[PDB]
Each structure stands twice: as C-alpha cells, then as structure tokens.
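Shown here is one chain on its own, the form deposited without the partner chain, set out as structure tokens.
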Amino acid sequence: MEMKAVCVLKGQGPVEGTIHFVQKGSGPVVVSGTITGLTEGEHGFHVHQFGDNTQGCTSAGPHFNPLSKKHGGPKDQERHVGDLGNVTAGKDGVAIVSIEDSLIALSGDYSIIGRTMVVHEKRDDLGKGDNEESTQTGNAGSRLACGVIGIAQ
C-alpha cells in the first residue's frame, strides 16, 4: 500500500541533502526534501541507473532509462524514467525539493529503490538544447552530490 524511501546526498564539495519519497497505492511518487551549499539558481536532478558508490557519483552511471528514450523534463512524453528536471536554490544556497512524478515508482519495473539520486552543477536544459549532449544529460554538467535510494520506515 504505502512505500517510503530516503536518500542522503553527499559529494566531495559542500552540497548535502536529504530526499524523502512516498507512494500510496498506485498514486504518484511524492518527493520532498532539501539540498544545501548549492550556488543560487536551477540544478539538474535525476535518478541514475546504479546504486554504486565505489567511485563517488561517477559509478552511478547514466539516467535511469529502462525505455531507452531520449533525455527530457518530467512533463515531456520523450524522457528518461529518471528525468526529474531541475531544483531551484535561493541566495542562501538551499533548494526545497517538491516533485510529484508518476513515471518513477518505489516498486515494480520502474522502481528507483537502490538507484542513485544526483544533483548537478548546472541547469538541466530539459532536452531542448541544440547540441547532442542535451538529448543525453540535458547539459546539467558535473555531479555535485549523490546517494543510494534506500527503503525507509
């Protein structure tokens, strides 16, 4: 009935965060949390494929993409399962994460349990950029902090 998850974001830099997930029945995944130590503005936020922290955030691999689609924003029909768009930090360096998404899940084929949340150096262009990179990573740049998505009480 009710699934819950948690992710502790850590990096080599000063970006830290806690993300909570909750999914009631087949209702959407409600995502809520904070990230701190960010530069002011938009930062890409995606579920990456692998919950593998052997190489910091590098070993998380690419956006979770079981449908083998191109990169989008959450509202796009053409998106990675893992494409959760951008979070906005204010001048205090804090983003409030508040996302509702029905493509991700906490169970079944699309479950993100044991995958990695990543927050990025730069704005995700939502796949609307001109170059090839936009269709891949939305040009969100480097990985500031990541964590493995765990089952929570």
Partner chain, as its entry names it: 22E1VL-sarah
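Residue numbers count along the first chain shown, from 1.
Absent from the display: the form deposited with the partner chain bound. The rest refers to it.
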| query | residue 129 near the partner chain in the bound PDB entry, any heavy atom under 4.5 Å? | reply | no
Check whether residue 34 has any heavy atom within 4.5 Å of a heavy atom of the partner chain in the bound PDB entry, and answer yes or no.
no
*Although the partner chain is absent from this view, report whether residue 24 comes within 4.5 Å of it in the bound PDB entry, heavy atoms only.*
no
Q. Does the partner chain come within 4.5 Å of any heavy atom of residue 95 in the bound PDB entry?
A. no
Picking from 38, 118, 87, 104, the single residue whose non-hydrogen atoms come within 4.5 angstroms of the partner chain in the bound PDB entry is 38
